[PDB]
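Here is the structure we will look at, set down as structure tokens.
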């Protein structure tokens, strides 16, 4: 039944602008 | 940590960016996270060589490794930007310093005046000095030199007199940089009476050796083979506070010589600075670009740089000959082409090579000459009055 078959880059690297 | 920070400070002091980059790579290759002070030394070195792109990468990398910038880090950027006249980037730091909880000290005000001055913003430069006194503080000797350069640049003879005499009114013995700026404002207005009056003051100078030798060499007394060793002796002694002090000394000295008519002497003084590492970005000569970078120079120094560069051009072909007068974010705007340095360089080039150097349609701070037009080109006379 139901028991069958076992049931961060790109940050701090931006343009200074 | 102590050895790494000690060496990098020396590289930042002397502007040895190549050595600073290798120390940073050596630390990373050993799985060592450099301290916030160590990065500030690397940022300092790049600003000495006008390598703003590599300086802002290191500043970006400080937050990546958690070594958040200190107050000294925001000063290394300000002095680096001040020399280039990048007041757009200087205001970014200032708008960041107020948000970061850092009050404006005196050193921040000095860089603001220097940045506005080199950027041609004379009105905004004196306003900072006007607004500085309202906020109390205590202007130092460089601040007086910072505001004297503003008045000297915009040909204010009477304002420069009051500023200069008040410097010695407190028994300060102003440095050789302020003396060379007095000679510029007197030499710009052809006031030959005041030029000789100041020179005799620098000729005796029983207290200061640098004023005596430099004052003597300006008049031409030390232009001999054996008599140029004493002048070089002073230059080597001054070549110990790093490139930061050297660039200020040579900018004032070349400005004084050019306005006094000693244009051939200014050529040899500039040749003395380059071999000592001063102005490392001044010249590039490869198959692609023949460039001269004058965005960190005074008006007299720029004229000397262009004169030598033009003469060396006629001796010899690159795809382009360019003059870098504005080096920053101001390039992508119409204000860069209206900068005093850009106008001065273009005006200087107009009446020396006719209409051969024209502006660029893709950059405001460039003055180019195509390879085809280089074929249709001493060009500048270098003589002492």
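In terms of packing, defined here as the mean over residues of other Cβ atoms within 10 angstrom, the peptides B:152-162, B:210-220 line up highest first as B:210-220, B:152-162.
Pairs of Cα atoms in the stretch B:19-69 fall into 5 Å distance bins, from 0 up to the last occupied one, in shares of 5, 23, 34, 27, 10, 2 percent. In the protein assembly as shown, the DSSP beta bridges split such that about 70 percent are antiparallel, to the nearest 5. Counting only the backbone N, which residues of the stretch B:266-280 are under 15 Å from the spot 7 Å out from the Cα of residue B:18 toward its beta-carbon? Backbone N within reach: B:275-278, B:280.
Rounded, prolate or oblate: which fits the stretch B:294-385, taking a ≥ b ≥ c as square roots of the Cα gyration tensor eigenvalues, rounded meaning a/c under 1.5, else prolate when a/b beats b/c? Oblate is the answer for the stretch B:294-385, as a/c is 1.5 or above yet b/c matches or exceeds a/b.
Model label points for residue B:283 and residue B:203, set 7 angstrom from Cα along the Cα-to-Cβ axis, are 3.5 nm apart. The Kirkwood radius of the stretch B:198-278, taken over pairs of alpha-carbon atoms, gives through the Stokes-Einstein law at 25 °C and 0.890 mPa s a diffusion coefficient of 190 µm² s⁻¹.
Taking other C-beta atoms within 10 angstrom as a stand-in for reagent exposure, B:383, B:61 fall in the order B:383, B:61, fewest first. Against the empirical curve 2.2 N^0.38 Å, the C-alpha radius of gyration of the protein assembly as shown lands at a ratio of 1.10.
Rounded, prolate or oblate: which one fits the stretch B:85-136, using the alpha carbon gyration tensor with axes a ≥ b ≥ c (rounded when a/c is under 1.5, else prolate when a/b beats b/c, else oblate)? Because a/c hits 1.5 or more and a/b fails to exceed b/c, the stretch B:85-136 counts as oblate.
Stretching the chain fully between residue B:127 and residue B:169 yields a gain of 12.7 nm (0.36 nm per residue, less the alpha carbon separation).
Of all DSSP-defined beta bridges confined to chain B, some 70% are antiparallel rather than parallel. In this simple spin-label approximation, residue B:237 and residue B:30 carry label points 7 Å from Cα along the Cα→Cβ vector, and these lie 3.8 nm apart.
Coordinate range of the alpha-carbon atoms in the stretch B:135-285 per principal axis, descending: 45, 35, 31 Å. Please label the shape of chain B as rounded, prolate or oblate, based on the square roots a ≥ b ≥ c of the eigenvalues of the alpha-carbon gyration tensor (a/c under 1.5 means rounded; beyond that, a/b larger than b/c means prolate, else oblate). Since a/c stays below 1.5, the shape of chain B is classed as rounded. Computed on the Cα trace of the stretch B:248-354, the radius of gyration divided by the Kirkwood hydrodynamic radius gives Rg/Rh = 0.95.
Every number in this text was worked out from the coordinates using simple rules, so none of it is lab data. Cβ coordinates were reconstructed from backbone atoms using ideal geometry, including for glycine residues, and neighbour counts include every protein chain displayed.
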